[PDB]
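First comes the structure, then the notes that go with it.
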Amino acid sequence: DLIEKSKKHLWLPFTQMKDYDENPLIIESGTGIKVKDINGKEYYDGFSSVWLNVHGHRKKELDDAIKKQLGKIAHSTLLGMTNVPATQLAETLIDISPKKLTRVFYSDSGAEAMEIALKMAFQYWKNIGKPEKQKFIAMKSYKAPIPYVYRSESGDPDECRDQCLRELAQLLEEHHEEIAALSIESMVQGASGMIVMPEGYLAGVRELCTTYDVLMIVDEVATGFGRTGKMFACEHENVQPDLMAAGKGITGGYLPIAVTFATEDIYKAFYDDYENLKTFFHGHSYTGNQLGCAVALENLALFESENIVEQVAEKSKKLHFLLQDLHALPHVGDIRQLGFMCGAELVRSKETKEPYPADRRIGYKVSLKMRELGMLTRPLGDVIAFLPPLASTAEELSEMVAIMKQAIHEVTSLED
Amino acid sequence: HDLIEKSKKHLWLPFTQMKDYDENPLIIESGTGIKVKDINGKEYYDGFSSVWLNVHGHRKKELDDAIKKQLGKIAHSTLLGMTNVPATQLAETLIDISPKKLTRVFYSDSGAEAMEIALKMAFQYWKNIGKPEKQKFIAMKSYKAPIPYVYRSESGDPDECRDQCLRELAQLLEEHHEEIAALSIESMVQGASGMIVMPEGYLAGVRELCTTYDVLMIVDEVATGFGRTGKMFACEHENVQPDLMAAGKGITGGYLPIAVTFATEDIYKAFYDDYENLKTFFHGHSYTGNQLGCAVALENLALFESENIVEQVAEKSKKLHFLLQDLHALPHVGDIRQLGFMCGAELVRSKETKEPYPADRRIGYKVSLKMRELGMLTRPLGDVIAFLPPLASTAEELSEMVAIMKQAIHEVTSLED
Ligand SMILES: *Cc1c(COP(=O)(O)O)cnc(C)c1O
Ligand SMILES: *Cc1c(COP(=O)(O)O)cnc(C)c1O
């Protein structure tokens with residue numbers, strides 16, 4: 001009856017509370033890559049608690065890092081001063097980030113880190129006397145398209161790539177003098193349905209931004225910290241962001257810490273005598289929280305000593321083969337994967353690739369079937385996301401993929 | 001030495017000119033009670049409660065234990081489409097201690113996120129119920145409307161100031177309410193603007209006008225929340241019932257980032273419907289309802305109960321007032337403002353010009369640096385020296401911090417004429 005109480009006082013993020021009331025779920029504990037509910041039923045953490053859990057739950061080293069920091073101080077401010085763990089973590093993050101990035105600006109969430117990146121971009125140009133550069137390009141302000149090869153007319157990766165790059169170039173051509181920055185997810189569009197960008201695409205946008213003197217903001221909130229088989233996904237194409245947002249996996253999934261990385265050139269445009277009004281007057285009260293910073297330092301220590309990134313890249317090879325036989329199912333239209341970042345797009349006809357009408361709630365229905373079959377994930381429309389913890393074993397991966405295959409079949413054959 | 005050099009090499013600090021940090025850096029290593037200790041071993045009174053969030057002091061044993069216990073279960077699992085135990089229990093406790101009309105808890109990571117969520121809730125509320133014209137908001141200082149600043153008003157009278165500002169609000173609402181979704185206001189004290197305490201009856205007046213003109217009242221309790229003004233929430237001072245209320249900072253006793261937007265049932269129910277009907281509030285964050293933060297918040301609220309912090313703040317605030325009135329007598333202290341443990345001393349170049357020092361003399365900053373050498377941290381708000389001591393501060397500690405502040409103020413300010 002914590003259950004009937006839950007229905008009374010909560011308002012959950014991104015969720016229709018009527019859906020919640022009809023199918024409540026309350027998690028009590030976790031161990032390894034499984035979480036347990038208040039009835040004792042276990043589930044594989046098939047989405048890494050929304051793309052942030054790295055080493056599974058109750059990871060000893062992580063538990064210990066927080067316990068240790070408690071023994072010193074939980075929180076002191078970064079407003080006008082600093083603390084030991086935030087400073088140490090800043091140096092460590094800079095060691096592993098793309099080389100052009102030299103500064104760490106903390107915040108609480110990935111959304112905050114992105115918002116800061118945009119404000120930085122905007123004020124940067126104003127600070128250096130170019131107040132005309134105030135517009136933004138959001139790749140899906142002006143908007144420019146990212147390749148969606150699966151639903152393209154050519155079905156051709158680099159045709160699609162080149163055509164999208166041509167359209168961005170046109171946008172850049174006639175408005176660059178007015179544009180402060182372009183924002184883009186690194187390599188994989190998450191919320192859009194785990195859409196992996198064709199080779200050379202991200203590199204191409206970097207090139208255009210440099211050419212037309214526009215700051216490139218790269219969102220690594222989902223992709224960062226090993227998720228795609230590289231520490232940061234922009235390593236796949238050797239891209240150097242001007243500003244880079246990270247969060248989620250940074251703390252191994254334990255606590256809210258997020259970061260906006262900037263280059264030295266951006267930082268110095270705000271560095272001056274106070275009187276000169278160059279200061280970046282933004283931030284948050286919990287910025288650089290010791291508890292969160294302490295757990296992130298140990299998270300990173302583990303990446304190094306557990307060779308997590310190599311292990312992810314290795315395991316991703318067999319994972320691909322498991323997924324392709326998933327492709328065989330009558331309603332699996334497309335399989336998309338980069339590292340442990342995967343999605344299975346569901347469709348009513350794989351020949352015409354016509355989707356189900358949204359009102360058949362296929363994605364939701366699959367997620368519920370997987371739930372009863374003992375696995376958590378979150379659907380994106382009718383794309384079944386699969387983002388297993390980075391510590392997942394080959395065995396655990398094959399078990400999670402099997403549950404996906406069964407749920408998809410059991411649901412979609414009724415067409416639900 | 002190299003910690004200090006590394007600090008200058010890779011950090012970009014919030015709300016701070018890094019050149020200022022570079023010439024006077026400060027790195028904190030630990031905390032005990034209401035004191036923090038830097039890496040050189042120098043100790044400082046936490047005069048601003050680590051920027052208005054520290055409640056019981058640092059390394060509060062019960063707080064530490066609460067987090068260790070929760071670690072033994074699970075650190076984080078999602079509230080996206082499901083929930084967890086600590087977040088569920090905390091929500092019930094929060095509803096019990098919050099204004100009665102507020103029945104729903106929507107978690108986020110920060111006070112800013114919780115205010116952003118309140119705005120989006122209000123906007124979509126009106127659209128959901130078929131009045132999409134209600135798309136603007138009022139921000140008290142979107143239309144802006146003025147809050148009473150009694151100290152440098154014509155009359156210097158609270159009632160007169162209150163009544164005038166309410167008259168301006170009423171006219172704005174009379175003329176534009178059909179286009180307005182919500183009004184946003186800090187509860188009783190404007191913090192960042194200089195710890196400006198609202199005159200008696202003003203907040204209630206705002207609530208009445210909002211109700212009268214069908215505008216949702218968003219009350220920001222991020223600074224005032226959790227005992228800071230000598231009530232659990234500041235809107236208790238005038239018995240006001242917000243439509244939406246933002247809370248953060250002190251919620252966890254100052255340990256961890258968790259935040260809440262409270263809503264009424266009428267608001268909640270406008271988003272509750274068959275999914276196909278498109279009433280859903282599609283916003284939120286990945287760390288919403290984080291177990292570690294919710295666990296420490298539950299123990300924070302337990303300690304509020306078992307030590308009645310709120311009554312103690314209200315009691316100690318009486319003597320604090322006397323100590324501040326003493327400060328008020330210094331040549332360059334123009335005004336003293338206080339509600340509970342939420343205080344500011346406004347510094348002026350002339351007491352009955354109340355002419356401020358030119359901003360470029362950096363008086364507030366200079367005073368804050370002098371307090372630092374004197375063993376006490378705070379942050380100035382322009383030339384207002386904020387004083388927001390942890391709620392657990394003793395009468396003796398309160399007198400000690402006020403004395404450092406007094407000394408710092410005359411020491412700096414006597415050299416500026
Ligand atoms: C602290 C504060 C905020 C912002 O909260 P953050 O956690 O720093 O993002 C909002 N409103 C008021 C009144 C505050 O004091
Ligand atoms: C998670 C996510 C965000 C937002 O992060 P929050 O912590 O939920 O605010 C931003 N960008 C991307 C790519 C994300 O995956």
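Here, A, B, ... name the chains of the structure tokens in the order displayed, residue numbers run from 1 inside each chain, and ligands are numbered from 1 in the same displayed order.
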
Could I get the residue neighbourhood of ligand 1 at 8 Å, counting only C-alpha atoms and all ligand atoms, as a list in words?
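So, counting only C-alpha atoms and all ligand atoms, the residues near ligand 1 are residues 283, 284, 285, 286 and 287 of chain A; 51, 52, 109, 110, 111, 112, 113, 115, 186, 187, 190, 191, 192, 220, 221, 222, 223, 224, 246, 248, 249, 257 and 259 of chain B.
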
Identify, counting only C-alpha atoms and all ligand atoms, the protein, DNA and RNA residues located within 9 Å of ligand 2, and give them as a PyMOL selection string.
(chain A and resi 50-52+108-114+184-186+188-191+219-223+245-248+256-258) or (chain B and resi 108-109+113+284-288)

Export of the given selection (N, CA, C and O atoms) as a CSV table (one decimal), in the first residue's frame:
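Okay, out-v5.csv is ready:
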```csv
chain,number,residue,atom,x,y,z
A,50,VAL,N,17.7,4.8,-17.3
A,50,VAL,CA,17.6,5.9,-18.3
A,50,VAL,C,19.0,6.4,-18.7
A,50,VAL,O,19.3,7.6,-18.5
A,51,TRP,N,19.8,5.5,-19.1
A,51,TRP,CA,21.1,5.8,-19.9
A,51,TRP,C,22.2,6.3,-19.0
A,51,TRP,O,23.1,7.0,-19.5
A,52,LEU,N,22.1,6.0,-17.7
A,52,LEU,CA,23.2,6.6,-16.8
A,52,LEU,C,23.9,5.6,-15.9
A,52,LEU,O,25.0,5.9,-15.4
A,108,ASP,N,23.9,20.7,-12.5
A,108,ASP,CA,23.2,19.6,-11.9
A,108,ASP,C,22.8,18.5,-12.8
A,108,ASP,O,22.7,17.4,-12.5
A,109,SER,N,22.3,18.9,-14.0
A,109,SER,CA,21.7,18.0,-15.0
A,109,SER,C,22.2,18.2,-16.4
A,109,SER,O,22.8,19.3,-16.7
A,110,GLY,N,22.0,17.3,-17.3
A,110,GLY,CA,22.4,17.4,-18.7
A,110,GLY,C,21.6,18.6,-19.4
A,110,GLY,O,22.2,19.3,-20.2
A,111,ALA,N,20.4,18.8,-18.9
A,111,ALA,CA,19.6,19.9,-19.5
A,111,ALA,C,20.3,21.2,-19.1
A,111,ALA,O,20.3,22.2,-19.9
A,112,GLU,N,20.8,21.3,-17.8
A,112,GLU,CA,21.4,22.5,-17.4
A,112,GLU,C,22.8,22.7,-18.1
A,112,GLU,O,23.1,23.8,-18.4
A,113,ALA,N,23.5,21.6,-18.3
A,113,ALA,CA,24.8,21.7,-19.0
A,113,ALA,C,24.6,22.2,-20.5
A,113,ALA,O,25.5,23.0,-21.0
A,114,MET,N,23.5,21.8,-21.1
A,114,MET,CA,23.2,22.3,-22.5
A,114,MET,C,22.8,23.7,-22.4
A,114,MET,O,23.2,24.5,-23.3
A,184,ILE,N,24.2,20.0,-31.5
A,184,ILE,CA,24.0,18.6,-32.1
A,184,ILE,C,24.4,17.5,-31.1
A,184,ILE,O,25.4,17.6,-30.4
A,185,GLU,N,23.6,16.4,-31.1
A,185,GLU,CA,23.9,15.2,-30.4
A,185,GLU,C,25.1,14.6,-31.0
A,185,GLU,O,25.3,14.6,-32.2
A,186,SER,N,26.0,14.0,-30.2
A,186,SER,CA,27.2,13.4,-30.6
A,186,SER,C,26.9,12.0,-31.2
A,186,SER,O,26.7,11.0,-30.5
A,188,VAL,N,24.8,10.0,-32.2
A,188,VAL,CA,23.5,9.2,-32.0
A,188,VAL,C,22.5,10.1,-31.5
A,188,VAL,O,22.6,10.8,-30.4
A,189,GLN,N,21.4,10.3,-32.3
A,189,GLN,CA,20.2,11.0,-31.8
A,189,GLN,C,19.4,10.0,-30.9
A,189,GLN,O,18.8,9.1,-31.3
A,190,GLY,N,19.4,10.3,-29.6
A,190,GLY,CA,18.8,9.4,-28.6
A,190,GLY,C,17.3,9.4,-28.6
A,190,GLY,O,16.7,8.5,-29.1
A,191,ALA,N,16.7,10.5,-28.1
A,191,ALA,CA,15.3,10.7,-28.0
A,191,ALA,C,14.5,10.4,-29.3
A,191,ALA,O,13.4,10.0,-29.3
A,219,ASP,N,26.3,17.7,-27.7
A,219,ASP,CA,25.7,17.0,-26.6
A,219,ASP,C,26.1,15.6,-26.4
A,219,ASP,O,25.8,14.7,-27.2
A,220,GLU,N,26.9,15.3,-25.4
A,220,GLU,CA,27.3,13.9,-25.0
A,220,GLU,C,26.6,13.4,-23.7
A,220,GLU,O,27.1,12.5,-23.1
A,221,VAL,N,25.5,14.1,-23.3
A,221,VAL,CA,24.9,13.6,-22.1
A,221,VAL,C,24.5,12.1,-22.1
A,221,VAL,O,24.8,11.4,-21.2
A,222,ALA,N,24.0,11.6,-23.2
A,222,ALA,CA,23.7,10.2,-23.3
A,222,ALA,C,24.9,9.4,-23.8
A,222,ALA,O,25.1,8.3,-23.3
A,223,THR,N,25.6,9.9,-24.7
A,223,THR,CA,26.7,9.1,-25.4
A,223,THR,C,28.0,9.1,-24.5
A,223,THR,O,28.8,8.2,-24.7
A,245,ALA,N,28.6,19.1,-23.7
A,245,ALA,CA,27.7,18.8,-22.5
A,245,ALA,C,27.8,17.3,-22.1
A,245,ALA,O,27.8,16.5,-23.0
A,246,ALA,N,27.9,17.1,-20.8
A,246,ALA,CA,28.0,15.7,-20.3
A,246,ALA,C,27.1,15.6,-19.1
A,246,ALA,O,26.9,16.7,-18.4
A,247,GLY,N,26.7,14.4,-18.7
A,247,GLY,CA,26.0,14.2,-17.5
A,247,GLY,C,25.8,12.7,-17.3
A,247,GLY,O,26.7,11.9,-17.5
A,248,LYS,N,24.6,12.3,-16.8
A,248,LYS,CA,24.2,10.9,-16.7
A,248,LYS,C,25.3,10.0,-16.2
A,248,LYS,O,25.5,9.9,-15.0
A,256,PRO,N,23.4,13.3,-9.3
A,256,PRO,CA,23.3,14.4,-10.3
A,256,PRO,C,24.5,15.3,-10.3
A,256,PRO,O,24.7,16.1,-9.4
A,257,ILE,N,25.4,15.2,-11.3
A,257,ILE,CA,26.5,16.1,-11.6
A,257,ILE,C,26.4,16.2,-13.1
A,257,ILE,O,26.1,15.2,-13.8
A,258,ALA,N,26.7,17.3,-13.6
A,258,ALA,CA,26.7,17.5,-15.1
A,258,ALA,C,27.8,18.5,-15.4
A,258,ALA,O,28.2,19.3,-14.5
B,108,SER,N,12.8,17.4,-9.2
B,108,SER,CA,13.8,17.8,-10.2
B,108,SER,C,15.2,17.9,-9.5
B,108,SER,O,15.3,17.5,-8.3
B,109,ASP,N,16.2,18.5,-10.2
B,109,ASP,CA,17.5,18.5,-9.6
B,109,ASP,C,17.9,19.8,-8.9
B,109,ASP,O,18.7,19.8,-8.0
B,113,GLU,N,15.4,24.4,-12.0
B,113,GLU,CA,14.6,23.4,-12.7
B,113,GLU,C,13.2,23.4,-12.1
B,113,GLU,O,12.2,23.3,-12.9
B,284,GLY,N,10.9,16.9,-17.5
B,284,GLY,CA,11.5,16.2,-16.4
B,284,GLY,C,13.0,16.0,-16.7
B,284,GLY,O,13.5,16.6,-17.6
B,285,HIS,N,13.6,15.3,-15.8
B,285,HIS,CA,15.1,15.1,-15.9
B,285,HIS,C,15.5,13.7,-15.4
B,285,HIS,O,14.7,13.0,-14.7
B,286,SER,N,16.6,13.2,-15.9
B,286,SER,CA,17.0,11.8,-15.6
B,286,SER,C,17.2,11.5,-14.2
B,286,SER,O,16.9,10.4,-13.8
B,287,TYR,N,17.7,12.4,-13.3
B,287,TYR,CA,18.0,12.1,-11.9
B,287,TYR,C,16.8,12.4,-10.9
B,287,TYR,O,17.0,12.4,-9.7
B,288,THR,N,15.6,12.7,-11.5
B,288,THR,CA,14.4,13.0,-10.7
B,288,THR,C,14.2,11.9,-9.7
B,288,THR,O,14.1,10.7,-10.0
```

Out of region 73-281 of chain A, which residues get helix (DSSP H, G or I) from DSSP, as number ranges by chain?
A: 84-96, 110-127, 149-151, 157-178, 201-211, 233-237, 248-251, 264-268, 274-276

So that I can see what lies close to residue 397 (chain A), please list as a PyMOL selection string the residues with an atom at most 12 Å from it, counting only C-alpha atoms and leaving out residues fewer than 3 positions away in the same chain.
chain A and resi 33+44-47+312+315-323+340+342+375+386-394+400-404

Quick one: residues within 9 Å of region 90-107 of chain B, only C-alpha atoms, excluding same-chain residues fewer than 5 positions away - as a PDB file with C-alpha atoms, in the first residue's frame?
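The file below, part13.pdb, is the result:
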```pdb
ATOM      1  CA  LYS A   5      -0.040   6.112  -1.529  1.00  0.00           C
ATOM      2  CA  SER A   6       2.225   6.619  -4.559  1.00  0.00           C
ATOM      3  CA  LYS A   8      -1.868  10.058  -4.237  1.00  0.00           C
ATOM      4  CA  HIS A   9       1.148  12.387  -3.979  1.00  0.00           C
ATOM      5  CA  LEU A  10       3.523  11.917  -6.914  1.00  0.00           C
ATOM      6  CA  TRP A  11       3.658  13.545 -10.305  1.00  0.00           C
ATOM      7  CA  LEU A  12       6.220  11.696 -12.400  1.00  0.00           C
ATOM      8  CA  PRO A  13       8.462  13.085 -15.190  1.00  0.00           C
TER       9      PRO A  13
ATOM     10  CA  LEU B  79      11.024   8.035 -11.814  1.00  0.00           C
ATOM     11  CA  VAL B  85      10.653   3.946  -2.120  1.00  0.00           C
ATOM     12  CA  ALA B 114      11.713  23.527 -10.180  1.00  0.00           C
ATOM     13  CA  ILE B 117       8.772  23.290 -14.286  1.00  0.00           C
ATOM     14  CA  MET B 232       8.751  25.694   7.730  1.00  0.00           C
ATOM     15  CA  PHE B 233       7.714  27.590   4.605  1.00  0.00           C
ATOM     16  CA  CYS B 235       4.199  31.621   2.968  1.00  0.00           C
ATOM     17  CA  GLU B 236       2.980  30.504   6.401  1.00  0.00           C
ATOM     18  CA  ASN B 239      -1.197  31.930   5.582  1.00  0.00           C
ATOM     19  CA  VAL B 240      -0.932  31.949   1.824  1.00  0.00           C
ATOM     20  CA  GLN B 241      -1.842  28.965  -0.388  1.00  0.00           C
ATOM     21  CA  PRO B 242       0.233  28.952  -3.605  1.00  0.00           C
ATOM     22  CA  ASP B 243      -0.997  27.222  -6.747  1.00  0.00           C
ATOM     23  CA  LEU B 244       2.581  26.102  -7.438  1.00  0.00           C
ATOM     24  CA  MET B 245       5.576  26.178  -5.096  1.00  0.00           C
ATOM     25  CA  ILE B 258      17.067  17.533  -5.041  1.00  0.00           C
ATOM     26  CA  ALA B 259      14.254  19.941  -5.837  1.00  0.00           C
ATOM     27  CA  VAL B 260      10.480  20.010  -5.832  1.00  0.00           C
ATOM     28  CA  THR B 261       7.700  21.751  -7.642  1.00  0.00           C
ATOM     29  CA  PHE B 262       4.521  21.401  -5.555  1.00  0.00           C
ATOM     30  CA  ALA B 263       1.151  21.589  -7.280  1.00  0.00           C
ATOM     31  CA  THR B 264      -2.519  21.648  -6.298  1.00  0.00           C
ATOM     32  CA  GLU B 265      -4.863  18.786  -7.148  1.00  0.00           C
ATOM     33  CA  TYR B 268      -2.565  17.891 -11.433  1.00  0.00           C
ATOM     34  CA  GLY B 284      11.518  16.223 -16.403  1.00  0.00           C
ATOM     35  CA  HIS B 285      15.089  15.087 -15.850  1.00  0.00           C
ATOM     36  CA  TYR B 287      17.970  12.098 -11.897  1.00  0.00           C
ATOM     37  CA  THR B 288      14.427  12.978 -10.730  1.00  0.00           C
ATOM     38  CA  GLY B 289      13.653  11.413  -7.328  1.00  0.00           C
ATOM     39  CA  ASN B 290      17.234  10.299  -6.782  1.00  0.00           C
ATOM     40  CA  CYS B 294      15.516  11.737  -1.147  1.00  0.00           C
ATOM     41  CA  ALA B 295      16.901   9.618   1.698  1.00  0.00           C
ATOM     42  CA  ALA B 297      15.912  14.781   2.771  1.00  0.00           C
ATOM     43  CA  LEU B 298      13.715  12.368   4.757  1.00  0.00           C
ATOM     44  CA  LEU B 301      12.804  16.478   7.846  1.00  0.00           C
TER      45      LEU B 301
END
```

Which neighbours of residue 335 (chain A) fall inside 9 Å, counting only C-alpha atoms, when residues of the same chain fewer than 4 positions from it are skipped, and could you give them as a PyMOL selection string?
chain A and resi 323-324+326-327+342-345

Counting only C-alpha atoms, the option among B:121, B:64, B:335, B:364 closest to residue 150 (chain B)
B:335

Residues within 12 Å of residue 332 (chain B), only C-alpha atoms, excluding chain neighbours under 3 positions, as number ranges by chain:
B: 327-329, 335-336, 345-357, 363-364, 367, 383-385, 406, 408-417

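When only C-alpha atoms are used to measure the gap to chain B, the shortest distance among A:253, A:339, A:131, A:157 belongs to A:253.
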
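When only C-alpha atoms are used to compute distances to residue 274 (chain A), the closest of the residues B:360, B:299, B:43, B:133 turns out to be B:360.
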
One number please: CA of residue 21 (chain A) to CA of residue 296 (chain B), in Å, one decimal.
27.0 Å

Residue 277 (chain B) surroundings by only C-alpha atoms, 12 Å radius, close-in-sequence under 2 positions cut, as an NGL selection string
(:A and (16 or 18 or 359)) or (:B and (128-129 or 270-275 or 279-281))

Could you write out the selected residues, including N, CA, C and O atoms, as a PDB file, in the first residue's frame?
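Ended up saving to selection.pdb:
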```pdb
ATOM      1  N   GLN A  16       2.255   9.970 -18.293  1.00  0.00           N
ATOM      2  CA  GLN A  16       0.823  10.098 -18.057  1.00  0.00           C
ATOM      3  C   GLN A  16       0.465   9.354 -16.776  1.00  0.00           C
ATOM      4  O   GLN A  16       0.536   8.138 -16.739  1.00  0.00           O
ATOM      5  N   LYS A  18      -2.192   8.568 -15.419  1.00  0.00           N
ATOM      6  CA  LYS A  18      -3.195   7.521 -15.606  1.00  0.00           C
ATOM      7  C   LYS A  18      -2.530   6.194 -15.992  1.00  0.00           C
ATOM      8  O   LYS A  18      -2.928   5.134 -15.501  1.00  0.00           O
ATOM      9  N   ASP A 359      -1.528   5.530 -32.037  1.00  0.00           N
ATOM     10  CA  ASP A 359      -2.553   5.211 -31.038  1.00  0.00           C
ATOM     11  C   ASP A 359      -2.700   3.718 -30.690  1.00  0.00           C
ATOM     12  O   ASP A 359      -3.478   3.369 -29.797  1.00  0.00           O
TER      13      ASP A 359
ATOM     14  N   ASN B 128      -4.254  22.949 -21.747  1.00  0.00           N
ATOM     15  CA  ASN B 128      -4.987  21.709 -21.508  1.00  0.00           C
ATOM     16  C   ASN B 128      -6.477  21.935 -21.270  1.00  0.00           C
ATOM     17  O   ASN B 128      -7.309  21.145 -21.713  1.00  0.00           O
ATOM     18  N   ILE B 129      -6.815  22.978 -20.518  1.00  0.00           N
ATOM     19  CA  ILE B 129      -8.228  23.224 -20.223  1.00  0.00           C
ATOM     20  C   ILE B 129      -8.918  24.172 -21.210  1.00  0.00           C
ATOM     21  O   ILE B 129     -10.009  24.668 -20.937  1.00  0.00           O
ATOM     22  N   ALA B 270      -5.747  18.377 -14.389  1.00  0.00           N
ATOM     23  CA  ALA B 270      -5.834  18.876 -15.762  1.00  0.00           C
ATOM     24  C   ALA B 270      -4.839  18.181 -16.711  1.00  0.00           C
ATOM     25  O   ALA B 270      -4.910  18.344 -17.929  1.00  0.00           O
ATOM     26  N   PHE B 271      -3.917  17.412 -16.149  1.00  0.00           N
ATOM     27  CA  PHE B 271      -2.947  16.656 -16.938  1.00  0.00           C
ATOM     28  C   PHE B 271      -3.238  15.151 -16.881  1.00  0.00           C
ATOM     29  O   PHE B 271      -2.530  14.371 -17.475  1.00  0.00           O
ATOM     30  N   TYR B 272      -4.289  14.769 -16.165  1.00  0.00           N
ATOM     31  CA  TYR B 272      -4.609  13.362 -15.961  1.00  0.00           C
ATOM     32  C   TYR B 272      -5.730  12.912 -16.906  1.00  0.00           C
ATOM     33  O   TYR B 272      -6.871  13.369 -16.804  1.00  0.00           O
ATOM     34  N   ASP B 273      -5.401  12.010 -17.822  1.00  0.00           N
ATOM     35  CA  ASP B 273      -6.343  11.647 -18.874  1.00  0.00           C
ATOM     36  C   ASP B 273      -5.800  10.476 -19.669  1.00  0.00           C
ATOM     37  O   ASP B 273      -4.598  10.199 -19.650  1.00  0.00           O
ATOM     38  N   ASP B 274      -6.688   9.785 -20.372  1.00  0.00           N
ATOM     39  CA  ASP B 274      -6.261   8.781 -21.328  1.00  0.00           C
ATOM     40  C   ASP B 274      -5.130   9.364 -22.153  1.00  0.00           C
ATOM     41  O   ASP B 274      -5.201  10.518 -22.580  1.00  0.00           O
ATOM     42  N   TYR B 275      -4.087   8.571 -22.368  1.00  0.00           N
ATOM     43  CA  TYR B 275      -2.898   9.043 -23.077  1.00  0.00           C
ATOM     44  C   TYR B 275      -3.207   9.684 -24.455  1.00  0.00           C
ATOM     45  O   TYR B 275      -2.604  10.685 -24.832  1.00  0.00           O
ATOM     46  N   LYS B 279      -2.911  15.186 -22.795  1.00  0.00           N
ATOM     47  CA  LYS B 279      -2.843  16.077 -21.640  1.00  0.00           C
ATOM     48  C   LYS B 279      -1.536  15.944 -20.855  1.00  0.00           C
ATOM     49  O   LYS B 279      -1.260  16.745 -19.957  1.00  0.00           O
ATOM     50  N   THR B 280      -0.722  14.943 -21.202  1.00  0.00           N
ATOM     51  CA  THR B 280       0.504  14.631 -20.452  1.00  0.00           C
ATOM     52  C   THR B 280       1.516  15.789 -20.375  1.00  0.00           C
ATOM     53  O   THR B 280       1.699  16.542 -21.335  1.00  0.00           O
ATOM     54  N   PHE B 281       2.164  15.919 -19.221  1.00  0.00           N
ATOM     55  CA  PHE B 281       3.228  16.907 -19.021  1.00  0.00           C
ATOM     56  C   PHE B 281       4.557  16.224 -19.382  1.00  0.00           C
ATOM     57  O   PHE B 281       5.145  15.526 -18.555  1.00  0.00           O
TER      58      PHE B 281
END
```
